[PDB]
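Report on one structure; see the data block that follows.
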Amino acid sequence: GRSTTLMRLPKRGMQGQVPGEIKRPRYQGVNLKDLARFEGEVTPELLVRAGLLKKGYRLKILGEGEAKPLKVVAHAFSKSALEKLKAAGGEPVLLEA
Amino acid sequence: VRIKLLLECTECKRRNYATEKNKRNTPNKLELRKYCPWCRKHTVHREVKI
Amino acid sequence: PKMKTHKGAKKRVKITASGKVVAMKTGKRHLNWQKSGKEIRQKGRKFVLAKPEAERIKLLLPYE
Amino acid sequence: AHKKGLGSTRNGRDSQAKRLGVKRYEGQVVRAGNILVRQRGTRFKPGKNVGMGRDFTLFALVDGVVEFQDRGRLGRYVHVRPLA
RNA sequence: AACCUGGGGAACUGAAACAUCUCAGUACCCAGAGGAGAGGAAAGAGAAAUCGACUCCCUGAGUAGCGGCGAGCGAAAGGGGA
RNA sequence: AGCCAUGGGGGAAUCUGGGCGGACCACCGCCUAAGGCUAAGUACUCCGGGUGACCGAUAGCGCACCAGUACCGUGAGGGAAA
RNA sequence: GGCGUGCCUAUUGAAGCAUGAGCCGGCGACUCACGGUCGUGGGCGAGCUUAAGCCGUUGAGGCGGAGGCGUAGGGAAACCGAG
RNA sequence: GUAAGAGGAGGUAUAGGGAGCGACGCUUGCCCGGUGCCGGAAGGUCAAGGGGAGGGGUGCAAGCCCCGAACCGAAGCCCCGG
RNA sequence: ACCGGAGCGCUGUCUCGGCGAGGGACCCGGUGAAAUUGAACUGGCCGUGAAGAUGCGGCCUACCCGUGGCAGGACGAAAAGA
RNA sequence: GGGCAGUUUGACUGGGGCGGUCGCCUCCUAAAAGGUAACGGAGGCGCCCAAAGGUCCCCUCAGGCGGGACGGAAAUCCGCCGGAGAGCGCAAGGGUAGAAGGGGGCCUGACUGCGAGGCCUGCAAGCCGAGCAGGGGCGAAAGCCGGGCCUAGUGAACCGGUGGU
């Protein structure tokens with residue numbers, strides 16, 4: 001009879017407007033230990049062809065990994081993961097010129 | 001019961017909160033009790049609203 | 001075909017990244033005045049188990 | 001059959017029995033924040049790293065083991081002593 | 001015989017009650033069209049100076065929302081194809 | 001609470017005209033409304049042709065056979081056996 | 001002659017003066033579709049796999065990556081991100 | 001009867017409809033406090049409506065959208081008596 | 001042809017029943033169903049037993065099968081209790 | 001506006017209906033842990049206190065007999081005796097004068113961000129609190145303070161009001 005323990009309150013903020021959902025760019029995180037696997041370049045185009053990414057609008061680097069120098073390619077990058085790029089790496093921000 | 005009712009004090013110097021109770025029946029004119037706000041140390045506090 | 005995710009449930013529970021179902025602590029609204037800051041800051045986030053079988057098993061489709 | 005005037009009562013009312021008693025004794029390790037005596041009046045007075053609360057309830061402050069004591073012209077004592 | 005376009009349009013049942021909602025704009029009545037029907041070139045879509053009739057498949061996707069936030073109901077965009 | 005469509009009421013303009021981009025206002029875009037025609041791609045089985053890890057006279061269509069027959073009811077309809 | 005309370009359903013419990021059946025023969029009841037979900041049999045392995053469709057076949061398959069799962073979570077959210 | 005119309009009735013308050021009791025003879029008393037019902041050009045509350053004091057978002061503005069006071073808007077219920 | 005109370009005559013209503021009637025019942029031949037039906041090889045007492053037994057204990061009456069007849073019982077048949 | 005529609009119209013319960021009842025706290029029954037039922041007994045709660053809350057300075061009762069203007073079984077004061085029978089808001093249990101009781105002074109910790117670890121337990125809700133850090137009050141200090149001696153005074157969620165972020 002009692003609420004199907006439905007007595008649990010809602011907390012889902014911004015659960016419902018009416019004109020669908022807010023169209024925003026969706027970022028994509030990735031461990032750069034998976035980066036330590038492959039060597040060469042990592043464009044958005046290439047890294048969806050590989051294993052991860054898949055059209056995740058924008059790419060952000062993160063996670064553990066190793067100091068391998070190459071051409072990483074994306075939009076945003078973690079402040080903490082950019083400390084890995086420091087030891088050997090390259091940063092191209094926000095693409096097109 | 002409302003006679004004791006329920007009222008809430010607020011700091012001066014813009015907003016701030018803390019929850020309390022009254023007693024209008026008892027010689028309770030107005031209240032300006034001394035408490036502590038979220039921002040900073042213990043300060044003033046004035047009573048207002050239901 | 002296709003089951004249906006439980007709407008309300010989806011919008012009122014948290015399933016941790018470990019098959020646990022752990023939501024928010026109920027009992028906060030028409031109270032607060034004659035209560036300790038204890039009851040305030042402790043009625044925040046919650047936990048739970050056992051029925052989380054029903055929760056997860058109902059979560060479903062996008063799981064979530 | 002014939003069942004004339006009978007009646008009712010007023011006593012079908014009981015107090016939900018709340019589990020009360022003493023939990024930990026000498027011989028048991030109790031470490032910081034373990035209730036060990038449930039009571040109403042001072043059936044068991046605190047002491048050596050023992051604690052009382054807002055309802056006469058003894059608990060553990062240390063990671064020590066319980067033990068008891070009797071002091072007539074004062075009361076009943078619990079002392080939870082640890083290790084040197 | 002069946003499908004197909006519109007004009008009308010229930011209840012049982014679900015919600016373990018019952019009105020809102022469900023069932024269902026289904027069943028059934030009607031009109032009328034045909035090998036298809038209907039539809040059909042943007043006062044469109046949607047955020048990118050992006051696309052470029054209509055019907056269809058599949059995906060999107062139980063997704064976004066809808067709701068005595070319960071039952072449950074549940075989109076188009078984009079895509080790949082006809 | 002838009003947008004599309006409309007029952008009562010008031011009630012426009014002609015390319016600086018104008019709908020919408022979800023209260024509404026600015027801007028920036030998108031489209032040219034209140035006339036009409038359009039194949040294919042999708043749906044359907046009265047019907048014929050072909051297949052079967054479909055049935056073999058209580059199964060199979062209600063009907064293997066002189067079945068929408070006998071027979072039942074005014075009656076709409078029911079529905080054999082073989 | 002020694003012994004011996006029919007079968008079932010329901011029941012605390014029935015040989016039952018509780019119920020179901022005259023007897024015989026056949027019909028007759030836990031499936032299926034989709035999704036989930038625990039396991040399990042294998043293949044691949046940070047990768048796994050294609051739906052629609054098209055091409056081939058006359059029980060001959062194959063191309064077809066659109067997409068879904070997976071490589072990361074925390075927060076209502078912006079965001080931060082092995083935090 | 002959604003409706004056209006239909007009967008009522010080509011009848012007209014000695015006639016058409018609704019209710020109670022039931023030839024006939026005697027006879028039918030108190031209570032308008034609650035309620036139904038008749039009536040009443042003061043008034044109490046209230047609908048959409050009329051109206052526009054006053055507020056806000058926004059554009060540089062011109063402007064547009066939305067909120068809304070005072071006070072005037074019926075039936076009705078209160079009201080007054082039968 | 002509605003419900004009491006009374007009285008007269010009258011009478012098989014009764015005291016209380018007896019014969020008689022024909023037609024059914026019973027024997028001859030022709031035809032010949034039904035409900036119900038677990039199977040029966042079915043006496044009684046006295047206890048027991050889920051509390052009311054031919055089926056159980058103890059313990060029982062009586063050769064085997066039939067015809068006419070009655071109706072206490074088989075918790076009798078018909079009613080998945082109003 | 002029952003003219004017509006579609007629905008509602010509790011459950012418990014020594015057959016039901018009527019009377020009684022629903023939740024929370026105390027006390028038995030309850031059998032020395034808990035726990036333990038009944039339409040079994042016996043009572044209480046929907047509130048109260050800005051001081052009845054917090055700390056420091058400080059006092060101990062009700063009564064008993066003796067003795068006294070009004071008082072006089074009981075207004076008061078006194079003498080001796082007098083360990084909890086006084087009081088501790090409200091019901092009672094448990095408890096307390098080595099204070100929780102009653103008097104004054106400064107105040108306002110019915111504090112903020114957290115909560116070790118335990119009571120309790122079908123879930124959910126309820127119960128307890130060390131310590132931590134911000135600052136605040138009293139205290140010479142040692143130190144107490146996250147309301148009241150405790151157990152009753154309570155309502156998850158969905159909805160919406162209101163102020164802010």
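Following the order of the structure tokens, chains are lettered A, B, ..., residues in each are numbered from 1, and ligands are numbered from 1.
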As a PDB file with N, CA and C atoms (P, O5', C5', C4', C3', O3' and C1' of nucleotides), in the first residue's frame, please: the residues near residue 5 in chain E (cut-off 10 Å, only C-alpha atoms (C1' of nucleotides), same-chain neighbours under 3 positions excluded).
```
ATOM      1  P     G E  32     -20.705   7.191 -51.081  1.00  0.00           P
ATOM      2  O5'   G E  32     -19.315   7.181 -51.843  1.00  0.00           O
ATOM      3  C5'   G E  32     -18.745   8.413 -52.246  1.00  0.00           C
ATOM      4  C4'   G E  32     -17.239   8.385 -52.227  1.00  0.00           C
ATOM      5  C3'   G E  32     -16.559   7.283 -53.012  1.00  0.00           C
ATOM      6  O3'   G E  32     -16.596   7.476 -54.413  1.00  0.00           O
ATOM      7  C1'   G E  32     -15.457   7.567 -50.949  1.00  0.00           C
ATOM      8  P     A E  33     -16.297   6.236 -55.383  1.00  0.00           P
ATOM      9  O5'   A E  33     -14.722   6.314 -55.604  1.00  0.00           O
ATOM     10  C5'   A E  33     -14.089   7.562 -55.847  1.00  0.00           C
ATOM     11  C4'   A E  33     -12.643   7.546 -55.417  1.00  0.00           C
ATOM     12  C3'   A E  33     -11.792   6.453 -56.028  1.00  0.00           C
ATOM     13  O3'   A E  33     -11.394   6.740 -57.353  1.00  0.00           O
ATOM     14  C1'   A E  33     -11.371   6.553 -53.713  1.00  0.00           C
ATOM     15  P     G E  37      -3.115   5.324 -56.417  1.00  0.00           P
ATOM     16  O5'   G E  37      -3.776   5.390 -54.967  1.00  0.00           O
ATOM     17  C5'   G E  37      -5.160   5.125 -54.773  1.00  0.00           C
ATOM     18  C4'   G E  37      -5.488   4.949 -53.310  1.00  0.00           C
ATOM     19  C3'   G E  37      -5.267   6.166 -52.421  1.00  0.00           C
ATOM     20  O3'   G E  37      -6.353   7.080 -52.459  1.00  0.00           O
ATOM     21  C1'   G E  37      -4.300   4.259 -51.408  1.00  0.00           C
ATOM     22  P     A E  38      -6.183   8.538 -53.117  1.00  0.00           P
ATOM     23  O5'   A E  38      -5.361   9.365 -52.034  1.00  0.00           O
ATOM     24  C5'   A E  38      -5.970   9.757 -50.813  1.00  0.00           C
ATOM     25  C4'   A E  38      -4.979   9.776 -49.679  1.00  0.00           C
ATOM     26  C3'   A E  38      -3.885  10.828 -49.763  1.00  0.00           C
ATOM     27  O3'   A E  38      -4.321  12.105 -49.322  1.00  0.00           O
ATOM     28  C1'   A E  38      -2.933   8.738 -49.196  1.00  0.00           C
ATOM     29  P     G E  39      -3.883  13.447 -50.096  1.00  0.00           P
ATOM     30  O5'   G E  39      -2.330  13.585 -49.785  1.00  0.00           O
ATOM     31  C5'   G E  39      -1.845  13.697 -48.456  1.00  0.00           C
ATOM     32  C4'   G E  39      -0.378  13.366 -48.409  1.00  0.00           C
ATOM     33  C3'   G E  39       0.486  14.126 -49.405  1.00  0.00           C
ATOM     34  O3'   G E  39       0.907  15.388 -48.912  1.00  0.00           O
ATOM     35  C1'   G E  39       0.948  11.809 -49.567  1.00  0.00           C
TER      36        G E  39
END
```
**Request:** Output as an MDAnalysis selection string all residues of range 1-86 of chain A that backbone DSSP marks as strand (DSSP E or B).
**Result:** chainID A and resid 29:31 41:42 60:62 71:72
Selection above as a file: C-alpha atoms, as a JSON list (two decimals), in the first residue's frame:
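Below you can see out00.json, which holds the result:
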```json
[["chain", "number", "residue", "atom", "x", "y", "z"],
["A", 29, "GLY", "CA", 37.55, 12.12, -21.94],
["A", 30, "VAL", "CA", 40.22, 9.50, -22.55],
["A", 31, "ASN", "CA", 43.05, 7.88, -20.58],
["A", 41, "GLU", "CA", 49.20, 11.21, -34.28],
["A", 42, "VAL", "CA", 45.78, 11.34, -32.61],
["A", 60, "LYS", "CA", 39.88, 16.12, -23.82],
["A", 61, "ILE", "CA", 43.00, 14.26, -22.73],
["A", 62, "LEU", "CA", 43.33, 12.70, -19.26],
["A", 71, "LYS", "CA", 51.06, 15.02, -32.23],
["A", 72, "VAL", "CA", 48.00, 14.84, -30.00]]
```
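Residues in contact with range 10-21 of chain B at up to 8 Å, not including ones fewer than 3 positions away on its chain and judged by only C-alpha atoms (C1' of nucleotides), are residues 4, 5, 6, 7, 37, 38, 39, 43, 44, 45, 46, 47 and 48 of chain B; 32, 33 and 34 of chain C; 110 and 164 of chain J.
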**Asked** For chain A against chain E, which residues fall within 7 Å using only C-alpha atoms (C1' of nucleotides), given as JSON, numbers by chain?
**Response** {"A": [16, 18, 20, 21]}
**Option closest in space to residue 60 in chain C, from E:82, E:62, E:68, E:43 [counting only C-alpha atoms (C1' of nucleotides)]** = E:62
Dump as a Markdown table the rows for residues of chain A within 8 Å of chain G: closest atom pair and distance in Å with one decimal, only C-alpha atoms (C1' of nucleotides) counted, ordered by chain and rising residue number.
```
| residue | atom | partner | partner_atom | distance |
| --- | --- | --- | --- | --- |
| A:11 | CA | G:76 | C1' | 6.1 |
| A:12 | CA | G:76 | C1' | 5.3 |
| A:13 | CA | G:76 | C1' | 3.9 |
| A:14 | CA | G:76 | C1' | 7.0 |
| A:29 | CA | G:81 | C1' | 7.6 |
| A:30 | CA | G:72 | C1' | 7.6 |
| A:51 | CA | G:47 | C1' | 6.5 |
| A:52 | CA | G:71 | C1' | 6.5 |
| A:62 | CA | G:81 | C1' | 7.0 |
| A:63 | CA | G:82 | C1' | 6.0 |
| A:64 | CA | G:82 | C1' | 7.8 |
| A:78 | CA | G:81 | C1' | 7.3 |
```
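Nearest residue to chain B among C:37, C:19, C:1, C:8 is C:37, counting only C-alpha atoms.
Residues in contact with residue 62 in chain F at up to 9 Å, not including ones fewer than 5 positions away on its chain and judged by only C-alpha atoms (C1' of nucleotides), are residues 67, 68 and 79 of chain F.
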For those residues, write N, CA and C atoms (P, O5', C5', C4', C3', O3' and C1' of nucleotides) to a file as a PDB file, in the first residue's frame.
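Output below, filename part-v3.pdb:
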```pdb
ATOM      1  P     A F  67     -22.554 -31.577 -49.349  1.00  0.00           P
ATOM      2  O5'   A F  67     -22.863 -30.027 -49.151  1.00  0.00           O
ATOM      3  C5'   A F  67     -22.117 -29.034 -49.851  1.00  0.00           C
ATOM      4  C4'   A F  67     -22.170 -27.699 -49.149  1.00  0.00           C
ATOM      5  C3'   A F  67     -20.905 -26.857 -49.270  1.00  0.00           C
ATOM      6  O3'   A F  67     -21.262 -25.476 -49.133  1.00  0.00           O
ATOM      7  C1'   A F  67     -21.230 -27.450 -47.012  1.00  0.00           C
ATOM      8  P     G F  68     -21.125 -24.435 -50.356  1.00  0.00           P
ATOM      9  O5'   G F  68     -20.641 -23.088 -49.651  1.00  0.00           O
ATOM     10  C5'   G F  68     -21.579 -22.139 -49.140  1.00  0.00           C
ATOM     11  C4'   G F  68     -22.459 -22.731 -48.060  1.00  0.00           C
ATOM     12  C3'   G F  68     -23.733 -21.945 -47.735  1.00  0.00           C
ATOM     13  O3'   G F  68     -24.767 -22.872 -47.396  1.00  0.00           O
ATOM     14  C1'   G F  68     -22.472 -22.212 -45.780  1.00  0.00           C
ATOM     15  P     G F  79     -21.429 -20.985 -34.593  1.00  0.00           P
ATOM     16  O5'   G F  79     -21.336 -22.314 -35.460  1.00  0.00           O
ATOM     17  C5'   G F  79     -21.199 -23.576 -34.832  1.00  0.00           C
ATOM     18  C4'   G F  79     -22.138 -24.582 -35.436  1.00  0.00           C
ATOM     19  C3'   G F  79     -21.751 -25.126 -36.805  1.00  0.00           C
ATOM     20  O3'   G F  79     -20.787 -26.170 -36.733  1.00  0.00           O
ATOM     21  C1'   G F  79     -23.999 -24.438 -36.851  1.00  0.00           C
TER      22        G F  79
END
```
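Our summary of the geometry notes that CA of residue 11 in chain C is positioned 22.1 Å from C1' of residue 125 in chain J.
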**Request:** Tell me, as a list in words, which residues lie within 9 Å of residue 25 in chain F, counting only C-alpha atoms (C1' of nucleotides); anything in the same chain fewer than 5 positions away does not count.
**Result:** residues 57, 58, 59, 64 and 65 of chain H
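Using only C-alpha atoms (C1' of nucleotides), the chain J residues found within 10 Å of chain C amount to residues 110, 111, 112, 113, 114, 115, 122, 123, 124, 125, 146, 147, 155, 156 and 157 of chain J.
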**Prompt:** Please, what distance in Å, to one decimal, runs between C1' of residue 48 in chain H and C1' of residue 2 in chain J?
**Reply:** 28.6 Å
**Residues of chain E within 10 Å of chain C, counting only C-alpha atoms (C1' of nucleotides), as an NGL selection string** = :E and (61-63 or 69-70 or 72 or 74)
**Asked** Taking only C-alpha atoms (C1' of nucleotides) into account, what are the residues of chain A at most 7 Å from chain J, put as number ranges by chain?
**Response** A: 5-9
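Taking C1' of residue 61 in chain H as the reference point, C1' of residue 26 in chain F is found at 12.0 Å.
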**Request:** Could you please select, counting only C-alpha atoms (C1' of nucleotides), the residues of chain D within 12 Å of chain J and state them as a ChimeraX atom specification?
**Result:** /D:4-24,30-45,49-63,73-75
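Residue list for chain J within 10 Å of chain B: residues 46, 47, 48, 49, 50, 107, 108, 110, 111, 112, 113, 134, 135, 136, 162, 163 and 164 of chain J, counting only C-alpha atoms (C1' of nucleotides).
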**Message:** Considering only helix (DSSP H, G or I) as DSSP defines it on the backbone, what residues of chain C qualify? List them as a PyMOL selection string.
**Reply:** chain C and resi 7-10+37-42+52-59
